[PDB]
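Structure, as structure tokens:
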Amino acid sequence: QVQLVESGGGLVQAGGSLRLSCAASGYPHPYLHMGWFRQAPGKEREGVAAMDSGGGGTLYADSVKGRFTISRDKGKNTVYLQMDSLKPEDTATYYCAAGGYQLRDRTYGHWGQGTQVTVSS
């Protein structure tokens, strides 16, 4: 139904900055949301950021407020995660998801394969 492709991950220095990209098939759902989630080894997956199709509505996990920014290029159907002031504990697989609500992972029915981010001190 909707396929999602993440890019932009890898090794980065602590204190540094990355921008992740998520390309999606078709067009953004008009009322449901697209989100970034992450899952570190041994831990449950957790929401990072989400937004609506207009782009006006955005929501962030407390852990990343003020450091990460979600946005869209409507010129495509690509959503971005700008990640600044990275910390070692931000190390995780980062996933793009579509068709869900806010940071409620169980409401999303489309998930990317995920992209590794490792933050090196």
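The sequence shown begins at 809 in our numbering and counts up by one.
In this text, a Cβ means the ideal position worked out from N, Cα and C, and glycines have one as well.
Classify residue i as helix, strand or coil using the three-state DSSP reduction.
i: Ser871; result: helix
i: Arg853; result: coil
i: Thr926; result: strand
Do you know how far the Cα of residue j is from the Cα of residue i?
i: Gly818; j: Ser829; result: 13 angstroms
i: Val872; j: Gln809; result: 30 angstroms
My understanding is that residue i touches residue j, with C-beta atoms under 8 angstroms, so please give their C-beta distance in whole angstroms.
i: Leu911; j: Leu867; result: 6 angstroms
i: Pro896; j: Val925; result: The Cβ separation is near 11 angstroms, so there is no contact.
Can you tell which of the options has its C-alpha closest to the C-alpha of residue i?
i: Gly883; options: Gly823, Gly834, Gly816; result: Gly834
i: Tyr888; options: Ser871, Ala858, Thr926; result: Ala858
i: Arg914; options: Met842, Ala822, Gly816, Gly824; result: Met842
With a CB to CB cut of under 8 angstroms and the five nearest residues on each side skipped, what residues in its chain are close to residue i?
i: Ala869; result: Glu854, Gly855, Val856, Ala857, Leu911
Suppose the cutoff is 6 angstroms on Cβ atoms and the five residues either side in sequence are ignored; what does the same chain contact list for residue i look like?
i: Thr923; result: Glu814, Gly817, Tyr902
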